[PDB]
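In the entry's author numbering, the protein residues as written are 42 to 168.
We treat Cβ as the ideally placed atom computed from N, Cα and C, and that holds for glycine.
For reference, the structure is listed below as C-alpha cells.
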Ligand SMILES: CC(=O)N1c2ccc(-c3ccc(CN4CCCCC4)cc3)cc2[C@H](Nc2ccccc2)C[C@@H]1C
C-alpha cells in the first residue's frame, strides 16, 4: 500500500576508506551492469505504489537496487567490498523471491547476475 523509505546511502558517522576493490566495483562492475539492456528494472528502488504491488514490501523485507548501490559507492558508504557484493546479491535474490522461475524479470535478473559474477571473478587483489 505504501513504500518504505529507501535504503540509507550516506552516514557521516560511518568510517570511510577508498580501496582498489571498491573503485573496481564502481568504475567497472556497476558501470558495466548499469548500461546492460536489462538494467532498467533495477536502477531504482521498487516503487510498489506506482507499480501497484501491495505485497512486494510484505514479501521483500531487505530491499536493494543499483541506484542505492551506486550512491553508496559514490558516498564511500562501503568499508568492505563484500558489503557491496552482498547488496548486489540481495538485489538479485529479492527478484527471484518475489517473482517466479520463468518470468521475464527473472530471466533479466539471471543474465545480469552472470555478468556480475564474471566481473567479480576478475576483482583485483587488495593493493
Ligand atoms: C525488479 C523486480 O523484481 N520487478 C520490477 C521492478 C521495477 C520495474 C519497473 C521499473 C521502471 C519502470 C519505468 N517507470 C515506471 C514508473 C513511471 C516512469 C517509468 C517500470 C517498471 C518492473 C519490475 C518487474 N516488472 C517488469 C515489467 C516489464 C519488464 C520487466 C519487468 C516486476 C518486479 C516486481
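Per-residue DSSP class, three states only, for residue 105: It is coil, neither helix nor strand.
Delimiting residues of the alpha helix (DSSP H) encompassing residue 75: Residue 75 -> alpha helix (DSSP H) spans 72-75.
Residue 91 beta carbon near ligand 1 (any heavy atom closer than 7 Å): Yes, Cβ of residue 91 sits closer than 7 Å to a heavy atom of ligand 1.
For residue 58, the three-state DSSP class (helix, strand or coil): DSSP places residue 58 in coil when its eight states are reduced to three.
For residue 95 and residue 158, the rounded distance between their alpha carbons: Answer to the nearest angstrom: the Cα atoms are 31 Å apart.
Element boundaries [alpha helix (DSSP H), containing residue 43]: Where residue 43 is concerned, there is no enclosing alpha helix (DSSP H), because DSSP gives it neither an H nor an E.
Element boundaries [alpha helix (DSSP H), containing residue 154]: Note, residue 154: alpha helix (DSSP H), 145-162.
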